[PDB]
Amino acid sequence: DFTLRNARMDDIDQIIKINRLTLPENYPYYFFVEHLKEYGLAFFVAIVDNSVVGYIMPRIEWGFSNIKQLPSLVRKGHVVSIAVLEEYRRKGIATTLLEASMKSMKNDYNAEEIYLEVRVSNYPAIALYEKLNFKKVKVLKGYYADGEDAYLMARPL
């Protein structure tokens, strides 16, 4: 079994470890710290027996909607990074991390939409998001450093 709670400064070391092991976008320590201090209410970790096994790091924005056809200014929640240690996958951790972050984006930060970028090859992640009713709304060409395309996936809150 796992539990969720908001991330704390003392979680950052384990979060970075997870990020280093599971993702190619290896942000520096100060990046994690600033997102925790600025958007901490929507920054969650998953815990198994006192260890962090997953996390979701958000960014809160104000700007043009990426869902609406017309230029329209909205509050947006942006998933910067989400990862779960391999041993603890297929347990619903990412699903519950996203739900918790979404609820805070909506209630704490008045977000009207949530969105993220995902590698077009990232089959597990895409399945996750489509199950949570994210839609592929844009294709960011050459979004990743190696040139790989991203789907911009989004949904209203």
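When you see a residue number, it is the position in the sequence shown, counting from 1. Rigid core: the largest C-alpha set superposing within 1.5 Å between the two forms.
Root-mean-square C-alpha deviation from the shown form, taken over all structures in 4 other deposited structures of this protein superposed by the rigid core, is larger for 63 to 71 than for the alternative among 108 to 116 and 63 to 71. Choosing between 6 to 14 and 137 to 145, the greater Cα displacement from the shown form in 4 other deposited structures of this protein, fitted by the core, goes with 137 to 145. Between the stretches 93 to 101 and 123 to 131, it is 123 to 131 that shows the larger average CA temperature factor. The PDB entry reports B-factors from which the mean C-alpha value can be compared for 80 to 88 and 67 to 75; the larger average falls on 67 to 75. Looking at the C-alpha B-factors along this chain, the one for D49 belongs to the highest third. In the PDB entry, a CA B factor belonging to the highest third of its chain's modelled residues is recorded for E112. Ranked against the other modelled residues of its chain, the C-alpha B-factor of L4 as given in the entry falls in the middle third. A154: CA B factor in the lowest third of modelled residues in this chain (values from the PDB entry).
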